[PDB]
Amino acid sequence: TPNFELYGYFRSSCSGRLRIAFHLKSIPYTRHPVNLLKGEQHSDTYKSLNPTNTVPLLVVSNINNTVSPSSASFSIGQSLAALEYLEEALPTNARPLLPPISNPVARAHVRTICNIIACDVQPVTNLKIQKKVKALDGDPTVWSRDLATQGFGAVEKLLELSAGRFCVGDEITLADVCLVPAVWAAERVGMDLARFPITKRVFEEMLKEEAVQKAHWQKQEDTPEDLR
Amino acid sequence: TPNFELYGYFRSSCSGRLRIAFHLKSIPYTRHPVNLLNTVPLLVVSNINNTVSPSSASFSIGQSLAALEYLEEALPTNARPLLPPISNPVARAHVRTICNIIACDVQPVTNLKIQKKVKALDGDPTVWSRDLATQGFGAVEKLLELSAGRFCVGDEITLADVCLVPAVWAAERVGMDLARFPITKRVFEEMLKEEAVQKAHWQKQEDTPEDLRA
Ligand SMILES: N[C@@H](CCC(=O)N[C@@H](CS)C(=O)NCC(=O)O)C(=O)O
């Protein structure tokens, strides 16, 4: 079985996706905080680890690295690729986070929700983009609020078809894993979550989960005291 | 009613991802071009058992990465798997990471919607987009330094290549220098040799304006 080390940041939504998945699946992992406010993502040493200068970075070891056989480890620098790797590399794990492969329709619904969040909301509202907006003399908060609002609109329309207790029927999936940290992020920029009633119900359902609380941005080792 | 109908646009990179996949996997689809001036691409999937909405025999997929993986899973015996086998989760992960750099970190911040928002701030959407594409291609190039053979990962075409090609076409529009990414350029050029990629070429669609056919 593989060993896992996560380069993460308490307030990184993409990091939180992995934090949630690890706890849900009962997979132990080693924590390596990277301070994004201090620009530790920008150091040459971290660019060597992840060439996008982003967190999370998942470093997997005790495995056969089929891409670089001489390497003791394998690095996964994008959260959705890392989430699917947990699913594929640990097929006997007691808590699959996708519908079974015999249900490609449900799997596509789950992935569509993940992609709206990970493609259309997070990347255009992250720190790097907010800084580019500020450098143009725009308001990064309004920019981000408008884009998150629009993206949550798309998520809500999907949940109108798929949601039961959770995003897609009555079991937690990768959709819920992506939803929770995106809601934490959207709240930082003053998005009105009540405009999205199903999304809000499902988010609140997830907050009851011990796995989600263990994963909370306010409960990490690198959460500053003032934010705990 | 067609099994697959693609609401697409000749110059949409995300549409281009799906065109390349359908041609490479030889999956027939009905083309539904959509004018510039509403999700594009939107893949409408019909004649199915809808396990999410059972009173319906169809659904749509408005995100290209989800649509790509759906084609893999809905047609498991297709002659051209675009992921490495499930027995090789490392290679699958490396493929998906390259796809995600492009689909998460490049395309969405350099698309029409965001270029318009940049212009609305009196910014230069070309410089903005070239800057972001250059940064993401830097990351793609670093991954290909580890994995590339003939193609992005090893010597077989995968979803990494399918995402790579339309991203190169989009990046060229904003003046990105592809020569700065030499393995990326090499794999891009290898893909252009493919009949399936040519059939999928942004310059060779039914809705390509005549002045952009060459
Ligand atoms: N698509 C990437 C996005 C990674 C990303 O943008 N991470 C953010 C934190 S959520 C980051 O490290 N930001 C650094 C910066 O913007 O300077 C993924 O899914 O991992």
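So you know, we letter chains A, B, ... as the sequences are listed, proteins then strands, and number each from 1. For ligands, and for the atoms within them, numbers begin at 1 and follow the listed sequence. No hydrogens, no waters, no symmetry mates; every other heavy atom, side chains included, goes into these values.
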Pairing of B:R92 and A:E87 as salt bridge, 4.0 angstrom limit: no
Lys/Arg-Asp/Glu bridge criterion (N-O < 4.0 Å) met for B:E69, B:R96: yes
Enumerate, one pair per line, all nitrogen or oxygen atoms of ligand 1 lying under 3.5 Å from a protein nitrogen or oxygen, stating the separation to 0.1 Å; write 'none' if no such pair exists.
from	atom 1	to	atom 2	distance (Å)
ligand 1	1 (N)	A:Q78	OE1	2.6
ligand 1	1 (N)	B:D105	OD1	2.9
ligand 1	6 (O)	A:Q122	NE2	3.0
ligand 1	6 (O)	A:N126	ND2	3.2
ligand 1	7 (N)	A:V55	O	2.7
ligand 1	12 (O)	A:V55	N	2.8
ligand 1	12 (O)	A:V55	O	3.4
ligand 1	16 (O)	A:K128	N	2.8
ligand 1	17 (O)	A:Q41	NE2	3.1
ligand 1	19 (O)	A:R17	NH1	3.4
ligand 1	19 (O)	A:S79	N	3.3
ligand 1	19 (O)	A:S79	OG	2.7
ligand 1	20 (O)	A:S79	N	3.0

is_close_aromatic(A:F152, A:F203), centroid dist under 6.0 Å: no
Heavy-atom check, side chain of A:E40 versus side chain of A:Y46, under 4.5 Å: no
Residues A:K200, A:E204: salt bridge by 4.0 Å N-O rule: yes
Short side-chain donor-acceptor distance under 3.5 Å, B:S12 and B:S15: yes
